[PDB]
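I have placed the structure first, in the form of structure tokens, so that the comments after it can refer back to it.
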Number of protein chains: 4
Amino acid sequence: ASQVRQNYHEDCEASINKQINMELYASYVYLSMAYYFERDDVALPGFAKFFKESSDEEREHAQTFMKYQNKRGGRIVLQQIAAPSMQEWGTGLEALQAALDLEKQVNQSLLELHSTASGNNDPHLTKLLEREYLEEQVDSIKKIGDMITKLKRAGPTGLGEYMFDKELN
Amino acid sequence: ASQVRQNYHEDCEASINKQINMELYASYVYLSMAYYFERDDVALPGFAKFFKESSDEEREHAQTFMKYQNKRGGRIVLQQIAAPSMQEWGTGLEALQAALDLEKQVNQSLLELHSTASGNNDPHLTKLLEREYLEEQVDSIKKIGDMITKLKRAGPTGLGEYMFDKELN
Amino acid sequence: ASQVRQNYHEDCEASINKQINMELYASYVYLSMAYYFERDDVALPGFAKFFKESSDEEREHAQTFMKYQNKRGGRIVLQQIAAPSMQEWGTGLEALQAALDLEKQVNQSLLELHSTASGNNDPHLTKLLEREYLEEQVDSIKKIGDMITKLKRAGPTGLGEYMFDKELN
Amino acid sequence: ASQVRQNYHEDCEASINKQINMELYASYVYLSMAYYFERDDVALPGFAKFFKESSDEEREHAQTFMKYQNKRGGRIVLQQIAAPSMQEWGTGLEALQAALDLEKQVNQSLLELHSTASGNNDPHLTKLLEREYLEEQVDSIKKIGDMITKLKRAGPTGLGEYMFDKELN
Ligand SMILES: [Fe+3]
Ligand SMILES: [Fe+3]
Ligand SMILES: [Fe+3]
Ligand SMILES: [Fe+3]
């Protein structure tokens, strides 16, 4: 075992590896969305910028978990990163609806990992999740839900989607 | 009585205590509205900000009356602040209509207070009302009237509401 | 349910509405004290400034709970804010003893809310309480206890009260 | 009549000349106190500075009434300024009690002048009194009442008087 390992359960080590892959998959989804919105027949640069930033942050989130794995003396095991569920994301509202679902899928995973850490009496790990993940996840879900409501108000299609796009830019 | 009290009628003292409560009530109503417009299914950030600011101003007007009561040798007697009439305020137009009616209700009470002070020959209090309250009240009522007209022109629902809310940001 | 709600128990939602009202009530108690100490026959501006700041802090804490209700998809329910039963606060020491009792009362309710959140496996809400509420509450209680001891040493009536008040300003 | 006189009643003109003399008399009373508190066997420099400033303020108020007489086309009639009957002012508290009595005496006369102006339908003169005289007068009376209460708390003789004086400097 690692010279640094102390009070680090192998179930928590395994779940951290699962989370690393999930964060990376989410980064891939938002990368796909970002360049979809730069197609010459889509051309929503506000949405595109929103999802590039989203993609960048998910990748930083994955790296924080990799760095965390090493800090506790666990071993990073990287798996294939699945292809995004879609190539083409449709309207702005549909991409936001997919992003809301993905964020809540990641949040449930984060909450399950917290329950695993709690049951294994790992307060260093529960503190990591509460500090660096569960807070941003809740604010992220709130922000996308707000944006869906505003987009439905503005449009959601036609002139409204055009005017809404200018606010994410 | 007070070592300071001079030409201060007990009817004026009591009406000041009523006005303190009314200002605090108005502040509470506007706080309710402000966080209503931050609901994920409402998401009107300009309306939210407008009513937050209105709430703060009302609490400041209440505090000016409390300071005033002490200046004149009267005794502040605080009363229960009633729950806001609504928990949910509907559209941005419906909230503005509620606000206009509230602003005209407060204005009527302030004018009755001015009548009471004038009838008790208290020019220090009539001056207070004219400088610190009556002016802002008329400006506030004209502003909300302007807003109701603009929002009816833009919308008042859908894209016009989305666009008008940007102007309160 | 709210499009954003996830892992948010109805008991925690109800408890947060309860807590908003108690922070607003505390705000009102400190507002009462603040202007009591500006009476011409009391004239303790340091105490007045201390309790004014306490009033603002409690109102900010109430609003953070309202923001929190909205973040999680709960619905804010605002209720009447009762007036303090005894607004004749007495000496600075008696007001400080009342403040300490109130701070501990709020602290007990916050711990009960922590226990409800914990029992419902809500680490997002326990994180909020530890960071935004329980830390300040222990610091507040310690600060007021210090003040009570310092004022009993100085005074707590006459010249000692006069001098202690000046170190509060 | 004066080429500028318009809507200026002779009773208001006479009352303003009366008021100039009373502000000048008040100035003289505070000048007496100011140098009384610089006696080597009194030695209260904070009180001395307070009453010196009060003396200057009263003289400025007298001169604003003289300017006002000229603005309206009335004719300034200056009369003898009586000396204070008792220039042995006693403790700081006794001087403060004398100041409060004087401030209220001046306030009553100003309200009588407001009533004369109002009865003669002179809104220019009621505007002058509310803005330039009645506001400062209530603020002065409140400030002195506060001071009396603070000095009674601190002292009002011995070390408390010594310390209160230093907070006045
Ligand atoms: Fe994440
Ligand atoms: Fe107001
Ligand atoms: Fe609090
Ligand atoms: Fe004067």
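Naming: A, B, ... by sequence-line order, numbering from 1 per chain. All ligand and atom numbering here is 1-based and tracks the order in the structure.
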Residue among B/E130, B/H61, B/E136, B/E23 satisfying side chain to side chain contact (heavy atoms under 4.5 Å, CB included) with B/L110:
B/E23
Quick test of your reading of the model: are C/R131 and A/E135 salt-bridged, counting only N-O distances below 4.0 Å?
yes
Strictly by modelled atom types, are B/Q69 and B/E13 linked by a side-chain donor-acceptor pair under 3.5 Å?
no
May I ask you to decide if the ring planes of B/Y8 and B/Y68 are parallel, tilted or perpendicular, using 30° and 60° as cut-offs?
perpendicular
Quick one: list whatever passes side chain to side chain contact (heavy atoms under 4.5 Å, CB included) with A/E132, sequence neighbours left out.
A/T64, A/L128
Using a strict cut-off of 2.8 Å, how many protein N/O/S atoms surround the Fe ion (ligand 1)?
1
Smallest heavy-atom separation, B/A82 atom then B/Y28 atom, equals O-CD2, 3.4 Å
